[PDB]
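Heads up: the structure comes next, in structure tokens.
Taken together, the values in this text are just the output of simple stated rules run on the coordinates, not laboratory data. Counting neighbours? That spans all protein chains shown, and the Cβs are built from the backbone with ideal geometry, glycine included.
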Amino acid sequence: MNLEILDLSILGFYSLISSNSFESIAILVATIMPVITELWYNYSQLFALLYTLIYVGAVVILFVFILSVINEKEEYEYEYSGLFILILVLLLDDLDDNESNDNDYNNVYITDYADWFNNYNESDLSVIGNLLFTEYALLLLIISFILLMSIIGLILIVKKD
Amino acid sequence: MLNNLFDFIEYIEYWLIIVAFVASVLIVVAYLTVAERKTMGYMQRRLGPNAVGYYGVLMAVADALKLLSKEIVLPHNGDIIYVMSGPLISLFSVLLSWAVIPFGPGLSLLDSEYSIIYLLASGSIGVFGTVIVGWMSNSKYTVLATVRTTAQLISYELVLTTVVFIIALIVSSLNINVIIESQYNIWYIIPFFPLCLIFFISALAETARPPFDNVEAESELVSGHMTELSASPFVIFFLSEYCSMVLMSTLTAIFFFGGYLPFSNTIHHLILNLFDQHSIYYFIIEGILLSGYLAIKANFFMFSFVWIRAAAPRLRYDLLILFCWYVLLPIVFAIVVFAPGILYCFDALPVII
Amino acid sequence: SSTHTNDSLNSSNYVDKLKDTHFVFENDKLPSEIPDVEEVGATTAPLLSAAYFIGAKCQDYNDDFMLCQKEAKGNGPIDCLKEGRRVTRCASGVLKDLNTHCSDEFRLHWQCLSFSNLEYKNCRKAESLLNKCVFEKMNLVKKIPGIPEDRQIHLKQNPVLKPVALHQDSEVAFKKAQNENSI
Amino acid sequence: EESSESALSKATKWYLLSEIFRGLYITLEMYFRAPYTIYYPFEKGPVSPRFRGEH
Amino acid sequence: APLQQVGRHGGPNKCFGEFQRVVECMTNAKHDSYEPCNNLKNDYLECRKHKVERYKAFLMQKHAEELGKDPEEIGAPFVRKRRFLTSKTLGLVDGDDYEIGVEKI
Amino acid sequence: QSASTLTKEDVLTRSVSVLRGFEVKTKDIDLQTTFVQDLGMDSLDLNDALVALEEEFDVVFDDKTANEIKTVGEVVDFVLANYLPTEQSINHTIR
Amino acid sequence: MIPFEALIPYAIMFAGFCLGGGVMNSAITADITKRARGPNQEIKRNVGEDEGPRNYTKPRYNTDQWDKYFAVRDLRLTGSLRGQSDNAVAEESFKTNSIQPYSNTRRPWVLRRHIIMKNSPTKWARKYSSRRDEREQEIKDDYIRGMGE
Amino acid sequence: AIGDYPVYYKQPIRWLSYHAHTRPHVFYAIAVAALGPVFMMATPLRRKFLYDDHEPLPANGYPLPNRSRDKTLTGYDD
Amino acid sequence: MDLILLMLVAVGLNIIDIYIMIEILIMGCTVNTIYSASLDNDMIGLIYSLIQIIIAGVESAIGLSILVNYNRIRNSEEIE
Ligand SMILES: CCCCCCCCCCCCCCCCCC(=O)OC[C@H](COP(=O)(O)OCCN)OC(=O)CCCCCCCCCCCCCCCCC
Ligand SMILES: CCCCCCCCCCCC(=O)OC[C@H](COP(=O)(O)OCC[N+](C)(C)C)OC(=O)CCCCCCCCCCC
Ligand SMILES: CCCCCCCCCCCC(=O)OC[C@H](COP(=O)(O)OCC[N+](C)(C)C)OC(=O)CCCCCCCCCCC
């Protein structure tokens, strides 16, 4: 039983019924956690950890803004929905989870063959840094330039002075 | 039975290893609460808890059992999601951070080339679980404490992350065990004495410990985010906060005092030469010895957590933000440029081996 | 490196569950037209212990097998089967000679590697005895290419990095040779 | 310009937390002194013949 | 010419050679049109997705069903649980069906 | 959005209904209808009506106007000239 | 005057670490050594009389891909991921006991099930538009048509 | 003019002192950071007076001999 | 269910809820990049994934500051 399917089923239910802004900042965290875990267990543990290191800091800053802008509006308001229309919507959605229509690509299993030629064996992050700091160093230096612009941009927007 | 009984232990052996791992960490956390009051008591010329259990050894048990026997305060029985989700996120975060702590060579539940990132990433989730208590709450002291938690997180997160990255840069690895074994000939306290202070200052701010206890400031916000918490939700938050103190004390011993490496190589060999290596008793003693070295260094920093609480007054958090952004960040980013330049000048760029 | 791939065992069985991994066997032997050869039966610790003696004995055959791979131009695994069989036999010859000439010295060294995370720096003493025994009986010298002979790390008198734990058998066997050979 | 200490002298006391470490040392001295606590009810604090208690 | 398809250890990966032979063909001055390099393009795309090879396996499985062939009699044996890659399955002389250790290497 | 949608006929109509729920001498209320004479309100009844007409239209009479008000038409004039919709949150308008 | 009562909780905390390390170092090392003795339970548990002293294998750390290939290769020779053998020649069963993992290559569940994360112009095209799969089916059909030549 | 603000291009030394007395968090962070590139500029001195750079690691795969295959190699045949 | 734009009901009714949708939508692109790069054993895709994460975090900050100042403008009297 792939229990990640159940997790996304609950998350989709709570995204349809979410009312206030605090629930939305919880839908975000309830989305990154399935992403981080599935990356950890299937494809990339490096990027599972990079997601946690960067998105959490963004989440708390996002949460602190909710405190300064919460404006009483959706606590006392009413929503109608209907339990039957919610579950029927989620049932129809769950029916079609085939993002791709290449049946052979989705059904036939493949393998790779290992070789011993790579005797200098290092992590993916060392190769990523090796290329990023040598061949795509321009991409890194532009990213540094964009980060500098954000620093100036945030000040010229928020600072009253 | 016999054969089925014997190989069922083999089927359950690693679970007991984890249970023993969990038990060992909880014993230190339980008796850190006792040790803090004993240490503060004698520094304050009192005794501290000595009436609950023989010489006070059951004080931690009494505090947990009494709090676990208290009514939980909440508007409704179905409102457990409100004041329990926060404590659990905080507790699960710090406990998962212990998976990468090696008590000896290879004696960590999780070993990977990105153990450093996992350590920083796991603890950042605990910060999120703390702010969840002020979830549109009508308690103004809980709300006021949530604002201060975010302000402290912004202060220490950059400095603590960058300091650990400099240590990882000196060894060119993000594996915690490799960083410990890289300190055979030198403990990083000597080359990076400024960074050890900054790491400990960041640890005090991360754990909301005095002089950075602006979150749970009793004289300001009665109990901070805990003012509405009673019984089990209060224990879990209290347990996780003292688990974080043990974790950051153990990380101070790992990043700067060689982790589990012996204080004296001569004495370490002398003690281990009494036991035959072909007997299982050698590896028990070695496990006790290596963890003892880690325990001694971590005990000193757990002592230092209590020591700074009993000597220094509290600093306002708006001053903490200026201190971290105007003083600590410029110094740490200077060393992140200083250190690679020194190593390149002497042709000593690190590699993993 | 602990990256999950599709060519070997992954970190845990949750990775297998997500990938629906099937660990597949093939009961067919190599075709009868291809000549047979006995595979090398040594595990990781003996092979690492014997790595520099296989290099000093099979250097011509190792290079010839690798040079065949370059000249194969993509048709590698097929066109170098004959060269590969020479490499396997030569490597087995070294392991055979170790177990008949330097058996105790050889088994001492790779039992230390198993005891010491398979790090060469942790087992210098047993390695020195094995190097001395192999050189006398097989005329094989460990050489690290690209550096002067007197800057080889395994011959360093006062290494900076040393094992925290001492292999008791290596300590005993090192003392015995000290008092009996270098009088 | 009218200070008595050099820039490095004031920065060494500042960066290395000179007075903070002194306060810790003073606190550590108390750790090795005799505490004041008496064990009530096995021991009683001093009383005087003028003491006012139960009638 | 920037590097593409770099393996996790810094060298060329499995499909770099296919890509390299495509670039050499397309940029060779002896070619009037790009028709000679069409088979090299399919080979590179087959190296990544194996779509035609998966399609062939689809035909073989389907063709075996219609002739009543047993999937377990014509396929390859497999084990789904890593703990049960036992010495008996591996064929060792003193093999056993007891589970293997995968908890800590 | 932030502008009035009031007409003189609606404000008069809502004013009459709110004044009908009180104990007035006559139910026939128009613009010229005075509070003291036609409806018969003393000092306290008049200010009960003014606050009742405040709640209906979400307006607040100033002290100077309230003390000097005589007729029903004066109230309708005041509501039309001073009514503003209440400001909404930053999300109600742009979303 | 060293207050011994204040130092008691530190002694228990010290013994807390030693409990974890003493158990983990010995229990794990013993299990690795036990499973390296042979391919069945009667050799792992029982100790032969003619056997020598027990040499222990310590837990491994700081591994890479080569150590994963080594671990599988050791399993095919000894039935253990850290088995021990210095025989110059393998058994006959080693020639045909290779393990090849075959796995699906599908996108993560969160990509194809999240209510918001699964919606994009190219994802809708891949899921609802047959333009892409019509072209790629022509390539597969050419493979069987061209067999005769 | 007892405590005026120095002009950097007129009194460089006094300008350095002002910031080292009033803004230590700026003066000394820069001073530490300057020691990075300065040591990198002293690297040529080390290559001539202390010791040379090490030989590069064999991290480019198996070292293939730069020659043709030996066509007279025999031994360990089928 | 996608073609009838069911995602328009899953997005909350605050401006910040639109910000979260944008982050989730971009995060879908990065997960697809990581998945393809890992299958191909290609580090260029992982370099792309790392760039997307850093850039997506930049616009999150720039958009937040605009929303922060927008709220300040409403609370402008500040007679205190
Ligand atoms: C250690 C476990 C921590 C979580 C345990 C509590 C379980 C509750 C749900 C957790 C997340 C599941 C998905 C929910 C996404 C957010 C939607 C939401 O609004 O929260 C649901 C919660 C229930 O409120 P309810 O009364 O049922 O609905 C409103 C009725 N007008 O309304 C609330 O506002 C309460 C939310 C409390 C704070 C939760 C913060 C999010 C924590 C997520 C961590 C785990 C990540 C998600 C894993 C599951 C994925 C489905
Ligand atoms: C290059 C080498 C780096 C050295 C590494 C260490 C860096 C430390 C920087 C300290 C600067 C400072 O204390 O800053 C002071 C700031 C702000 O003070 P201010 O408002 O500017 O007033 C002071 C300026 N005067 C004097 C020039 C006018 O806040 C504080 O009081 C911070 C107090 C931190 C105490 C934490 C306790 C830690 C205990 C550790 C036990 C193991
Ligand atoms: C070894 C590693 C641990 C300690 C590391 C840091 C220690 C302080 C360094 C800065 C000192 C400084 O800046 O010195 C400045 C001052 C004194 O100078 P002054 O005011 O001009 O003196 C006036 C003129 N005299 C020189 C004639 C006296 O010294 C101190 O207050 C030293 C206090 C140290 C006592 C406590 C030691 C134990 C501390 C706790 C350790 C866990």
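General remarks:
- Scanning the stretch B:264-277 for residues that are over 15 Å from B:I288 (Cβ atoms) and outside any helix (DSSP H, G or I) yields B:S264, B:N273, B:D276, B:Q277.
- Filtering the stretch B:297-353 to residues that are more than 28 Å from the chain's Cα centre (by Cα) and within 11 Å of ligand 2 (Cβ to nearest atom) leaves only B:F338.
- Every condition in (1) closer than 30 Å to C:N13 by Cβ; (2) within 15 Å of ligand 1 (Cβ to nearest atom); (3) crowded, with 22+ Cβ neighbours inside 10 Å holds for A:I10 except the one numbered (3).
- Residue match in the stretch B:297-308 (condition: in contact with a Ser or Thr (Cβ under 8 Å, 6 or more places away or on another chain), more than 7 Å from every other protein chain (Cβ to nearest Cβ) and away from ligand 3 (no atom under 16 Å from the Cβ)): no
- Spans of helices (runs of 4 or more DSSP H) in chain H with at least 2 residues surrounded by 12 or more Cβ atoms within 10 Å (Cβ to Cβ), more than 9 Å from chain B (Cβ to nearest Cβ) and over 22 Å from the mean Cα position of the chain (by Cα): H:12-22
- Entry remark, the stretch I:32-58: residues being under 22 Å from A:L62 (Cα atoms), of a type outside the set (G, A, S) and free of Cβ contacts under 8 Å to residues at least 24 places away in the same chain number 6 in total.
- Residue in the stretch C:49-62 that is at the interface with chain G (Cβ under 9 Å from one of its Cβ atoms) and not aromatic (F, W, Y) present: yes
- All positions within the stretch A:13-27 that are part of a helix (DSSP H, G or I) and within 9 Å of ligand 1 (Cβ to nearest atom): A:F13, A:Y14, A:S15, A:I17, A:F22, A:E23, A:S24, A:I25, A:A26, A:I27
- Neighbours by Cβ (under 8 Å, 6+ apart or cross-chain): first from the stretch G:1-25, more than 7 Å from every other protein chain (Cβ to nearest Cβ); second assigned to a helix (DSSP H, G or I): G:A15/B:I27
- The condition of being among the hydroxyl-bearing types (S, T, Y) and either in contact with a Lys or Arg (Cβ under 8 Å, 6 or more places away or on another chain) or over 30 Å from B:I285 (Cβ atoms) (or both) holds for only one of G:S98, G:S26, that being G:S98.
- When C:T100 is tested against the conditions (1) surrounded by fewer than 14 Cβ atoms within 10 Å (Cβ to Cβ); (2) within 9 Å of chain H (Cβ to nearest Cβ), the lone failure is (2).
- Long-range neighbours under 7 Å by Cβ, at least six apart or interchain, first residue basic (K, R) within the stretch B:205-223, second within 16 Å of ligand 3 (Cβ to nearest atom): B:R209/B:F305; B:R209/B:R309
- The condition of being of a type outside the set (A, V, I, L, M), over 20 Å from A:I25 (Cα atoms) and more than 10 Å from chain G (Cβ to nearest Cβ) holds for only one of I:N14, I:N41, I:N71, that being I:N41.
- Which numbered condition I:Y19 misses (of (1) buried (at least 19 other Cβ atoms within 10 Å of the Cβ); (2) within 22 Å of G:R112 (Cβ to Cβ); (3) more than 7 Å from every other protein chain (Cβ to nearest Cβ)): (2)
- Condition met for A:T31 (at the interface with another protein chain (Cβ under 7 Å from one of its Cβ atoms), more than 22 Å from B:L119 (Cβ to Cβ) and buried (at least 19 other Cβ atoms within 10 Å of the Cβ)): yes
- The residue list D:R33, D:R52 contains one member that is surrounded by 10 or more Cβ atoms within 10 Å (Cβ to Cβ), away from ligand 3 (no atom under 16 Å from the Cβ) and either assigned to a helix (DSSP H, G or I) or of a type in the set (D, E, K, R) (or both), which is D:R33.
- Scan of the stretch G:53-70 for residues that are more than 14 Å from chain B (Cβ to nearest Cβ) and under 15 Å from C:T3 (Cβ atoms), ordered by number: G:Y69
- Remark: B:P262 matches the filter, which requires a residue to be touching a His at 6+ places or on another chain (Cβ under 8 Å) and surrounded by fewer than 20 Cβ atoms within 10 Å (Cβ to Cβ).
- 1 or more residues surrounded by fewer than 21 Cβ atoms within 10 Å (Cβ to Cβ) and among the acidic types (D, E): qualifying helices (runs of 4 or more DSSP H) within the stretch B:2-114: B:3-43, B:59-68
- Of all residues in the stretch D:13-30, those being at the interface with chain B (Cβ under 10 Å from one of its Cβ atoms), within 16 Å of ligand 2 (Cβ to nearest atom) and exposed (fewer than 12 other Cβ atoms within 10 Å of the Cβ) number 4.
- Odd one out for B:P210 among (1) crowded, with 23+ Cβ neighbours inside 10 Å; (2) within 16 Å of ligand 2 (Cβ to nearest atom): (1)
- Restricting attention to the stretch F:30-45, the residues being crowded, with 17+ Cβ neighbours inside 10 Å and either without any contact (Cβ under 8 Å) to a residue 12 or more places away in the chain or not in a helix (DSSP H, G or I) (or both) number 2.
- Condition met for E:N38 (not in a helix (DSSP H, G or I) and not basic (K, R)): no
- The conditions of being touching a residue at least 12 places away in the same chain (Cβ under 8 Å), more than 7 Å from every other protein chain (Cβ to nearest Cβ) and either in contact with a strand residue (DSSP E or B) (Cβ under 9 Å, 6 or more places away or on another chain) or surrounded by fewer than 17 Cβ atoms within 10 Å (Cβ to Cβ) (or both) are met by E:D43.
- Residue list for the stretch B:255-292, filter: out of contact with any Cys (no Cβ under 6 Å at 6 or more places or on another chain), of a type outside the set (A, V, I, L, M, F, W, C) and facing chain G (nearest Cβ under 9 Å): B:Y260, B:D276, B:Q277, B:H278, B:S279, B:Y281, B:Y282, B:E286, B:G287
- Residue that is within 13 Å of chain A (Cβ to nearest Cβ), surrounded by 20 or more Cβ atoms within 10 Å (Cβ to Cβ) and within 16 Å of ligand 1 (Cβ to nearest atom), where the choices are B:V127, B:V164, B:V143: B:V127
- Matching residues, the stretch B:193-223, being within 15 Å of ligand 3 (Cβ to nearest atom) and over 16 Å from B:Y242 (Cα atoms): B:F193, B:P194, B:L195, B:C196, B:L197, B:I198, B:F199, B:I201
- Residue ID - farthest from the other protein chains (Cβ to nearest Cβ), chosen from residues in the stretch E:12-35 that are assigned to a loop (DSSP other than H, G, I, E, B) and more than 16 Å from A:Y113 (Cα to Cα): E:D32
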